[PDB]
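S.K.:
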Amino acid sequence: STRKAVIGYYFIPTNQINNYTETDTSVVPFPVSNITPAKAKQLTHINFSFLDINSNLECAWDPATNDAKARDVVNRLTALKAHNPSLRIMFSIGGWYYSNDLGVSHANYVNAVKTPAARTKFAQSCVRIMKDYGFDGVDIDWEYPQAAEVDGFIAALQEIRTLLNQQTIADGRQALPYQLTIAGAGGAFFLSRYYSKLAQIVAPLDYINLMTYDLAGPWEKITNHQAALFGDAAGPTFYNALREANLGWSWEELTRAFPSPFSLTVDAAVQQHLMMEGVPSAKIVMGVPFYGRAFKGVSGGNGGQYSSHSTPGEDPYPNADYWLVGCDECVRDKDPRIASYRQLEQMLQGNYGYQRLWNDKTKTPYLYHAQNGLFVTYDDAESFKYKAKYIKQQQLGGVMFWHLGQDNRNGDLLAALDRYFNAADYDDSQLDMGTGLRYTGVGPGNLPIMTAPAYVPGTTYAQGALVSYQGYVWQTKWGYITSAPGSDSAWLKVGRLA
Ligand SMILES: C#CCO[C@@H]1[C@@H](C)[C@H](OC(=O)NCCCCNC(=N)NC(=O)NC)[C@@H](C)C(=O)O[C@H](CC)[C@@](C)(O)[C@@H]2OC(C)(C)O[C@H]([C@@H]2C)[C@H](C)C[C@@]1(C)O
Ligand SMILES: C#CCO[C@@H]1[C@@H](C)[C@H](OC(=O)NCCCCNC(=N)NC(=O)NC)[C@@H](C)C(=O)O[C@H](CC)[C@@](C)(O)[C@@H]2OC(C)(C)O[C@H]([C@@H]2C)[C@H](C)C[C@@]1(C)O
């Protein structure tokens, strides 16, 4: 009955704000008017990226942003609401540049959540900003708080929530309540910084936006798909860092939740969230990329997949060699490692040597240039079907993507998602998800339905025996056990009843 969310990030730089225009694709490639009325129906939210946090621990614009020009750009967005019953113009604070451990503004994020006084100051400053420009909510895309600074981050979220609720009340917005989201890590290494406190992080949120992409890059030893749905046994595996999180669980409970090594996939990140108690599927949103990640130096043999590579990982890109054959955006934006789906469809469609291939295990596409040893991992309307099925099957809240300004001018990626959830003509029940590797981890938040003979006191239970008791199914870790299930360390809760 309820609609899957469709959360589209929207980026525009400070300099394109201050020289903003609707008619010069040289000064502004993707201006607001680019977003049709029919497109504005297709999105539930639009995250206007990015604001930041200045030395005073307040939410702010880039010091050299011009207010009037900044203001005009937002009303144009908020205007879109006329076309859509449900649209929210969120604003997003953070991004990688501002908030990474060695980003420009990093310390501000640390100090803004460090104390009650600061959290008060900062949270007020978020809402103050939200109303003062017409925004329908707040997104916090801090990549990422670390253990000591997670508690404060939590508190910050709680504070903002309360202030959003006060404002929802004040403006009589029960029809469309001011919302709070974050962009969350989509991979175990980064997710392990706050994993143990995930239920508290999610509680004050309408959604957690899983950045289930950028899971491969130049930093890796080996080329890999950046947003594989399921795992390919030919591909690389990784250490499950979540088995070392401060959870206080037993060896069995850890082993059962965190297989290691494992495949770094979308399914993996989602199940990892589901495994925690108090994290409802409905709040979990699957990110997907509207860009492609490009590698060079790939030895052939297997489509450029899982190969050693010569892609620099420095920031910024350290030279003037734009090797990504026939990507103008890469020249103008000065980085060949990232390309929009717009620019990718060109590259392929053109006369270029690129070969679009398909991995039937990961259900993702990838471009292979055999002449120049190039490999590109990305998503398209074809992979989006399998990701759309998963969202349904697993009963997630919907989809997020980065970003809208990297879809084409028609907007067929956006339209393809909207189709897979909504459009009544569309169907995907026969769609084969394949024999890709699933994350099989089980935790206390995603216990499978099971049955077993009822436990009987006085009975001696061997290693492995299963019984039913007080609503749950239990399993003996060793034998022979006579204690009541749950009363000592010999029992493992493996499933639930009825
Ligand atoms: C998203 C992102 C990463 O940040 C970019 C910037 C870092 C770009 O990175 C990029 O697009 N990488 C894609 C992978 C995504 C992994 N994180 C992620 N998906 N997060 C997420 O979904 N959050 C919701 C790069 C191409 C770039 O343009 O960087 C130039 C230098 C080449 C900057 C550093 O000068 C850059 O210039 C512009 C283009 C004007 O953008 C600003 C920034 C100052 C901006 C502050 C950062 C910015 C949005 O582009
Ligand atoms: C390569 C390399 C060495 O560089 C490292 C840094 C580059 C790490 O090095 C590395 O590749 N290690 C072997 C990888 C196997 C596991 N696989 C894996 N972790 N995959 C994964 O997380 N997918 C999303 C990389 C995994 C990393 O975490 O890079 C992130 C972006 C994904 C950075 C670029 O944001 C990174 O973030 C932190 C962790 C804060 O550190 C800095 C840097 C800003 C730092 C400059 C980079 C630095 C030292 O960790």
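When we follow the entry's author numbering, the leftmost residue of the sequence shown carries the number 2, and every step to the right adds one.
Where is the CB? At the ideal position from N, CA and C, for every residue including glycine.
Within the present structure, is the beta-carbon of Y240 separated from the nearest heavy atom of ligand 2 by less than 8 Å?
M.R.: yes
S.K.: Less than 6 Å between C-beta atoms, sequence neighbours within five positions excluded: which residues of the same chain meet that for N67?
M.R.: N19
S.K.: Once you ignore the five residues that flank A389 on each side, which residues in its own chain have a CB closer than 6 Å to its CB?
M.R.: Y421
S.K.: I'd like to know whether the C-beta atoms of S106 and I54 end up nearer to each other than 9 Å.
M.R.: yes
S.K.: Is the beta carbon of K284 closer than 9 Å to that of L206?
M.R.: yes
S.K.: At which residues does the beta strand (DSSP E) containing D142 begin and terminate?
M.R.: Element bounds for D142: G138 to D142.
S.K.: Between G218 and ligand 2, is there a pair consisting of the residue's CB and a ligand heavy atom that are separated by less than 8 Å?
M.R.: Result yes, Cβ under 8 Å from ligand 2.
S.K.: Suppose only complete runs of 3+ residues qualify. What are the beta strand (DSSP E) ranges in the region 120 to 181, listed by chain order?
M.R.: 138 to 142
S.K.: Helix, strand or coil: how does DSSP classify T477 here?
M.R.: strand
S.K.: Pull up the DSSP beta-bridge partners for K494, would you.
M.R.: For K494, which the question treats as bridged, DSSP gives the partners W475.
S.K.: Which of the three DSSP states is assigned to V332 in this structure?
M.R.: helix
S.K.: Mind checking whether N360 and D268 have CB atoms under 9 Å apart?
M.R.: The criterion of a C-beta distance shorter than 9 Å is not satisfied by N360 and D268.
S.K.: In or out: residue 1 buried (at least 16 other Cβ within 10 Å) or exposed?
M.R.: Since the first residue of the chain shown is 2 and the last is 499, residue 1 is not available in this structure.
S.K.: By DSSP, does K297 sit in helix, in strand, or in coil?
M.R.: strand
S.K.: Would you tell me roughly how many angstroms separate the C-alpha atoms of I209 and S490, rounded to the nearest one?
M.R.: 34 Å
S.K.: As a quick exercise: from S309, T312 and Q471, pick the residue whose alpha carbon is nearest that of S488.
M.R.: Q471
S.K.: Check this for me: beta carbons of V151 and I202, under 9 Å apart or not?
M.R.: yes
S.K.: Three-state secondary structure (DSSP) at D215?
M.R.: coil
S.K.: What residue range is occupied by the uninterrupted alpha helix (DSSP H) comprising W97?
M.R.: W97 to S100
S.K.: Please state whether DSSP places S469 in a helix, a strand or coil.
M.R.: strand
S.K.: Where does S197 sit, in a helix, a strand or coil, going by DSSP?
M.R.: helix
S.K.: Hey, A246 and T365: beta-carbon distance below 9 Å or not?
M.R.: no
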